[PDB]
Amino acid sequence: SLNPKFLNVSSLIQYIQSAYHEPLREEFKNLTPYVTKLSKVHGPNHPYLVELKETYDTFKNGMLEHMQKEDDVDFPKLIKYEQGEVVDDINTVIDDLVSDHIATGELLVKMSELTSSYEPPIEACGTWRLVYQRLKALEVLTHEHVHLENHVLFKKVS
């Protein structure tokens, strides 16, 4: 479709915030209730469900504050850089946002692993099936969100 190579850091940052950050902040606020209900109704007979509320919660958290770092601190440094402005600290700023991505990543591996690649049992209720659906979706979206930053946005500045 549109080759991101032509997008300058400024625009690439904008797209990421309109396509990935903003839609995700809400997705959580809308998905979290369902993930909590599942660990109360079915957690007792299915421990993995209790383990996921946790993982999901700690993922949501890591992702929520890692995204808010990119908006309150790191994107400015990135646009600053594109405008040939002395920043000096960007080399490591990228190396922190890269690690942050590996962290929030292995967490997506566990959730998939716990959910048996998001494949419900024979006893999954609608909510259960719905959660798995919404969750699997939240995995690929962020996989696109992170890939874009890693292999395009960050590489531009480099």
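Numbering starts at 1 and runs along the sequence shown.
For the segment pair 137-145 and 5-13, the entry gives 5-13 the higher mean B-factor, averaged over Cα atoms. In this entry, 119-127 has the higher mean Cα B-factor, the comparison being between 119-127 and 100-108. Highest CA B-factor among the listed residues (92, 55, 61, 36): 92. Residue 51 sits in the lowest third of its chain by CA B factor, as recorded in the PDB entry.
The entry lists a Cα temperature factor for residue 30 that places it in the middle third of the chain's modelled residues.
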